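Enquirer: first piece of the complex, coordinates kept as in the full assembly:
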Amino acid sequence: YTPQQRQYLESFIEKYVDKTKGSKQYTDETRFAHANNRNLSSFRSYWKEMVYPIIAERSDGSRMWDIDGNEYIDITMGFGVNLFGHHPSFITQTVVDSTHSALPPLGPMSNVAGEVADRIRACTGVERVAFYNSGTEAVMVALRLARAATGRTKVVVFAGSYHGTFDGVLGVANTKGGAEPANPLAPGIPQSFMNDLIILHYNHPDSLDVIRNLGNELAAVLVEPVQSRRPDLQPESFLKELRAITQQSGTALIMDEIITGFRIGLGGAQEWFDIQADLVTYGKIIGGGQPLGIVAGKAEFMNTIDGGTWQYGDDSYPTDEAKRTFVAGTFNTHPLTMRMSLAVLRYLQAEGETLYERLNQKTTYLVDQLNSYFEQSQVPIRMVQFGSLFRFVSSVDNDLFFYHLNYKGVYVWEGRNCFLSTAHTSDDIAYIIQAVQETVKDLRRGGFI
C-alpha cells in the first residue's frame, strides 16, 4: 500500500468497528459454541479487526436493525426469501392466526397441502408437487427421481451454478475436461460421490456438443436457468437447444428455480423463457420465510415418489412401483409452513402480473441509474440484473467495497446476491444509490481506483 491507502483503512476500520462493536463481541463470545462457516466471511489478516458478520436484532419491511441499533436498508432480504419485505401483512396474520387456532401437528398428513399443490400447478403448469425442507433437500430428491425413472446414473451440472449443499452436486470439472467425471469441491466430499457427476462450462457450445455424445448414458442434466452468480447472463438459445437434446435422448431436464421461481414472474424462469422442464425445484420465496424446498414437474418423472396415481372403486394400482425410489422426512408438509406457502400464493395470484412488473421496473431503475453514474464518472463498476436480483461487478477490491456499503447502512451479505422486494420505497431506492456514490467518492479520495 501507499501511505494514503494504509491510513485510510487504519482509520475506516476504526470508524467501522465502533459502529458494529455489538456484533464484534457477540461473534467473539459465541464463535466457539456456535460453529458457523459464515464467521470466516471475507477474512484477510490485515483487517481482521473487522471480520465478523452483522448480528441482526429486528426487521420490518425493508429495514433491518442490528444489536448496535444501526438501521439498514436490506438488499440481502433472506438470500432471496422475502420478496414482500420483512414481516409483511398477510404473513404475520398467518403466524398470528396460528396462536388462535389449535393448529394440527406433524405425524398425520396435511389438510392444506392439496391446496398449496393445485395453486403451484396454477402458477407454473407442472403436473405433480412434493414438499421437503430445504433447497438442498429438494435438489437431492430431484436427482433421485430422475435417476429413478431413467434407470441411469450419470448427471450433468454446470460450473457457476449453485444447487444447495447435497454432496452429489459439489463438484468441479475434470482435469481432462469433456465428458470425464468431476473431482471434489472440498475436503470430506468423497470422490465416489463425484463419479456419476459430470461438469461442463455453461454457455459453452462445446458442452451442448458433449451432452449429445453422452446422449443415452445421461440420467439427468441439472441447470440453474439463470445463475445466481451471473444475473446478466440469461441464455435462451442455450437452454432451448438443451431442451431439444434432452427430450430427444430421454434424459431428464431439471431446472433449479429456488432463486428465480416466483421471482422474475409467477411462472418462474419456466414462464420467462417459455421452456417446460421435466423437474423443477423451488425454494426460498415459496415458503414465505418458513424453510421450504419443493420438487415439482412432469408426472412421468414425479411418479417415482409414490409409484403412480390411482383412484377408488376400481382395480387400478400404481404401475410404476418398480421405479419408485425412497423419499421421507419429518418436517415435510409442515403445518405452519404449508399455510404461509398458501398466504404467498393467494397474495401473488391476486395482485396481478403487475406485482412483478412494478418491481422489475424499479429494480431496472436501480440498475440503469447506477450504471449511468458509473459511466459519467468512469468508475469501473457495473450492475447486473435479472428481475429483482442484482449484483455488483467490479475490478475494485470487492470486500472493501461492500464494507462501505455496510457501513453506510445498506446490509449486503457475503454472497453479494442483492435483491429488491416490493417493500423498497423510493426513499429506500435512493438511499442505496446515495450509499453507492458516497462510497465511490470515499474510496476514490482514499485512492482505491
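Expert: Yep, that arrived. Numbers count the residues shown, from 1 in each chain, chains lettered A, B, ... in the order given.
Enquirer: can you pull the buried residues of the helix or strand residue A:26 falls within?
Expert: Per DSSP states H and E: residue A:26 is located in helix A:21-30. Neighbour counts over helix A:21-30 (16 or more other CB atoms under 10 Å) mark A:22, A:23, A:24, A:26, A:27 as buried. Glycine gets a C-beta too; all of them are placed from N, C-alpha and C.
Enquirer: and if you look at stretch A:141-151?
Expert: Of the residues in stretch A:141-151, A:141, A:142, A:143, A:144, A:145, A:146, A:147, A:148, A:149, A:150 count as buried by neighbour count, 16+ other CB under 10 Å.
Enquirer: could you dump these into CSV with distance to residue A:312 and secondary structure added?
Expert: Rendered in CSV, the data for the buried residues of stretch A:141-151 read as follows (distance: CB to CB, whole Å; DSSP: H, G, I helix; E, B strand; the rest coil):
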residue, distance to residue A:312, secondary structure
A:141, 28, helix
A:142, 30, helix
A:143, 33, helix
A:144, 29, helix
A:145, 26, helix
A:146, 30, helix
A:147, 31, helix
A:148, 26, helix
A:149, 26, helix
A:150, 31, helix
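Enquirer: so which of the residues you listed comes closest to residue A:300?
Expert: Of all the buried residues of stretch A:141-151, the one sitting nearest residue A:300 is residue A:149; the distance, using CB to CB, is 7.1 Å.
Enquirer: what about the closest one, distance to residue A:415?
Expert: Separation of residue A:149 from residue A:415 (CB to CB, to the nearest Å): 33 Å.
Enquirer: and residue A:295, bridged to which residues?
Expert: residue A:130, residue A:281 (DSSP bridges).
Enquirer: surely it is in contact with residue A:140?
Expert: No. Residue A:295 lies out of contact with residue A:140 (CB atoms under 8 Å); the separation is 9.1 Å.
Enquirer: more neighbours: which of those two?
Expert: For residue A:295 and residue A:140, the more surrounded residue by other CB atoms under 10 Å is residue A:295, and the numbers stand at 31 against 22.
Enquirer: quick one, what contacts that one?
Expert: Neighbouring residues of residue A:295 by CB atoms under 8 Å, 6 or more residues apart in numbering: A:129-130, A:132, A:138-139, A:141-142, A:145, A:279-282, A:302.
Enquirer: most neighbours, which of those?
Expert: Scoring the contacts of residue A:295 on neighbours with other CB under 10 Å, the highest-scoring entry is residue A:142 at 33 neighbours.
Enquirer: surely residue A:162 and residue A:229 touch.
Expert: Yes. With contact defined as CB under 8 Å, residue A:162 reaches residue A:229; the gap is 7.2 Å.
Enquirer: returning to that earlier point: mind putting the buried residues of stretch A:141-151 into JSON lines with distance to residue A:327?
Expert: Conversion of the buried residues of stretch A:141-151 to JSON lines gives the following (distance: CB to CB, whole Å):
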{"residue": "A:141", "distance to residue A:327": "6"}
{"residue": "A:142", "distance to residue A:327": "10"}
{"residue": "A:143", "distance to residue A:327": "11"}
{"residue": "A:144", "distance to residue A:327": "7"}
{"residue": "A:145", "distance to residue A:327": "8"}
{"residue": "A:146", "distance to residue A:327": "13"}
{"residue": "A:147", "distance to residue A:327": "12"}
{"residue": "A:148", "distance to residue A:327": "10"}
{"residue": "A:149", "distance to residue A:327": "13"}
{"residue": "A:150", "distance to residue A:327": "17"}
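Enquirer: kindly incorporate the sequence below as chain B:
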Amino acid sequence: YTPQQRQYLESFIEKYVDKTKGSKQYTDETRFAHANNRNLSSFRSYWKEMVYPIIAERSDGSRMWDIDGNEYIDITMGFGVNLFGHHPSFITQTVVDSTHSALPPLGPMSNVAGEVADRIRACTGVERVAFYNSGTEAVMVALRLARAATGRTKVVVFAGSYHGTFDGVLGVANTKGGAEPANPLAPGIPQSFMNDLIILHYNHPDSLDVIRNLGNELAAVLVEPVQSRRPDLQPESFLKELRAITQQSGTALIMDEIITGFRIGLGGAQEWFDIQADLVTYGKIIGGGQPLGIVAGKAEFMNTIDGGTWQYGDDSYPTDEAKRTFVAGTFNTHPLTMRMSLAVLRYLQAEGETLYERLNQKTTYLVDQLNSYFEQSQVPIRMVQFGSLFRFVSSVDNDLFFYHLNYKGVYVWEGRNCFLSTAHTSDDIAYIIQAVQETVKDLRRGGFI
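Expert: Putting chain B onto the chains we already have gives this:
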C-alpha cells in the same frame, strides 16, 4: 382369509371408511397434485378401499383431530418431535412474541443461536454446535466433516438404523457380507453412493472387529444408539467397545441422536451410556415444533466448519482451515426456530430430572401393564421401549392391528414408532390400554388370534 375372518374384515372396512371418509376423499382429490410417498402406506389391493393416511385438522395437548372430526389420543406426537405435547404453554407463548416483538430477518446472523449453542453445551457435553434444517441435513454434514477431518472416505452404518434421506446412508447388505461395499435401497439411489458405505450388524460382536480391521480406513462409524425400530436393544457393552476402538483408530464416532436426543434424558443417549461421541446429531424435539437438525461434537472435528477459532486483538487465525469443507444453508439459524429451541432448552433446564423420570415411568406403566395383559391372555404381542419411545412387536397382521388401534381412537402413523408425551394423563394411559385390550378382544372375535 378364512370364510370367517373375511366377513369380520368387511364389517371393519365399512365401519372404518365411514369414520374416516373425509380423509379418504381429500386423499383422492390430491393424490396427483401432491406427490407424497405416504399415500401408499399399508397398501394391499384387496382392502384397498381403506388405504389412505389420516388427515388432521387441529390438536392440543395429547390429542389430535382429523378432518372427519374424529378425536384420537396421539401416540405419534409428531414422530417424536413433541416431547411436551402439542402447543405447550411456553412454545405457543414464544409464537405470540414472534408477532408482536418484530423478529430479525434471515440473512444477518442470529442474536440468539449463541445462547442456544451455550444451552446445548450444558445439556449434552458437546463442544461446538451448528444448526441446519433437517435431521437428514445433519447426518449428511456430520459424515462430511468426519470425512474431512480424517481424510478418509469409508463409513460404517448399522442395519436397522435410520439416518434420514441422504443417499450416502441409503444402502443395504451386500449378500456376500462382511466388510464389502453395499447395495442401494431403491431405484435411483446410485450405487456410487454405496462405494464408501459399509453396513454391519448392530450388536453382532464380530462387527466390532470389522471396525478394528478398517481401523485407519474408517472416517466414521455412524451409530443410532437405540434403534428407533428396535427400542428394546440398548447394548451398552457393544457401544463402550465401539468407543474404545474408534478412539484409538482416530475414526469418528458419530452418534445419531435425532430421536434419542432430549427424549431418554437431557444428555440423551450419550448421557445414558456414559459415552462422549465425536459427533452427535440432534433434531425433532430440539425444534420446539419447528424444523431443525443439528450436528455438534468435539472441536477436533467441528473445526472443519469455519476452519478453527481465533481471537480479536492478537495475530491469530484459523488453524484447522486446511480441513475446511463446504457447508451452507438458506434457512439455518431461523429467527423463530432459534427462539423456540431457546424456549425448549430453557424449559427443560427449569424442570428437573423430574420431567424425564416421570415420562419414562409414566411410559413403563403403559409398557409393563400391557405386556402383562398379553401374558395372561396368551396374546402374541409384546411391548418394547427406550424411555418414552415404544413399539408393538407382534405376529398378528400388524397392518390389520393398527387399523383397529386407529379406528378405536389412538393415532399411530405408518412407521409405528410410538412415543408418549408429558401431556398424556393417566386417563389417557387407561384409554390406550383399553383400546389395545379391546383390539385383542376384537381380533379374537374375528378369528385372527
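Enquirer: repeat for the buried residues of helix A:21-30, accounting for chain B.
Expert: Neighbour-count burial for helix A:21-30 flags A:22, A:23, A:24, A:26, A:27, A:28, A:30 (criterion: 16 or more other CB atoms under 10 Å in any protein chain shown).
Enquirer: after it, next one along is what?
Expert: Per DSSP H and E, helix A:21-30 leads on to strand A:56-60 as the next helix or strand towards the C-terminus.
Enquirer: what's downstream of that following strand, the next helix or strand?
Expert: Moving on from strand A:56-60 towards the C-terminus, the next helix or strand you reach (DSSP H and E) is strand A:63-66.
Enquirer: next, see if the helix or strand following that next one gets close to chain B.
Expert: Towards the C-terminus, the helix or strand next in line after strand A:63-66, according to DSSP H and E, is strand A:71-74. Yes. If you take CB under 8 Å from any CB of the partner chain as the test, strand A:71-74 does meet chain B, through residue A:74.
Enquirer: show me the contacts for the residue most central in space within chain A.
Expert: Compute the mean C-alpha point of chain A, and by CA atoms, centre = their mean the closest residue is residue A:259, 3.7 Å away. Each residue near residue A:259 by CB atoms under 8 Å, 6 or more residues apart in numbering or on different chains is listed here: A:80, A:224, A:226, A:228, A:283, A:284, A:389, A:417.
Enquirer: one more pass at 6 Å, please.
Expert: Residue A:259 is in contact with A:80, A:228, counting by CB atoms under 6 Å, 6 or more residues apart in numbering or on different chains.
Enquirer: what's the domain layout of chain A?
Expert: Residue ranges for the structural domains of chain A, counted by curated CATH domains, are given in the record as A:1-88+A:354-449, A:89-353.
Enquirer: most tightly packed of those domains?
Expert: Scoring the domains of chain A by mean neighbour count under mean count of other CB atoms under 10 Å in any protein chain shown gives domain A:89-353 as the most buried, with a mean of 21.
Enquirer: off-centre distance for it?
Expert: Domain A:89-353 sits 12 Å away from the centroid of its parent chain (CA atoms, centre = their mean, to the nearest Å).
Enquirer: first vs last residue of it, how far apart are they?
Expert: 20 Å (CA to CA, to the nearest Å).
Enquirer: let me know the secondary structure of the closest residue to residue A:379 other than its chain neighbours.
Expert: The shortest distance from residue A:379 to any residue that is not its chain neighbour, by CB to CB, 6 or more residues apart in numbering or on different chains, is 5.0 Å, and that residue is residue A:440. Assigned state for residue A:440: helix (three-state reduction, DSSP: H, G, I helix; E, B strand; the rest coil).
Enquirer: residue of the stretch 151-300 of chain A with the smallest distance to chain B?
Expert: Closest contact between the stretch 151-300 of chain A and chain B, by CB to the nearest CB, is at residue A:188 (2.5 Å).
Enquirer: is it true that that residue touches residue B:325?
Expert: Yes. Taking contact to mean CB atoms under 6 Å, the distance of 4.2 Å between residue A:188 and residue B:325 places them in contact.
Enquirer: who in the stretch 151-300 of chain A is up against chain B?
Expert: For the stretch 151-300 of chain A, the contact set with chain B under CB under 6 Å from any CB of the partner chain comprises A:153, A:165, A:170, A:185, A:186, A:187, A:188, A:190, A:192, A:195, A:196, A:291.
Enquirer: farthest-separated two in those?
Expert: Checking these against each other with CB to CB, the farthest-apart pair comes out as A:195 and A:291, at 30.6 Å.
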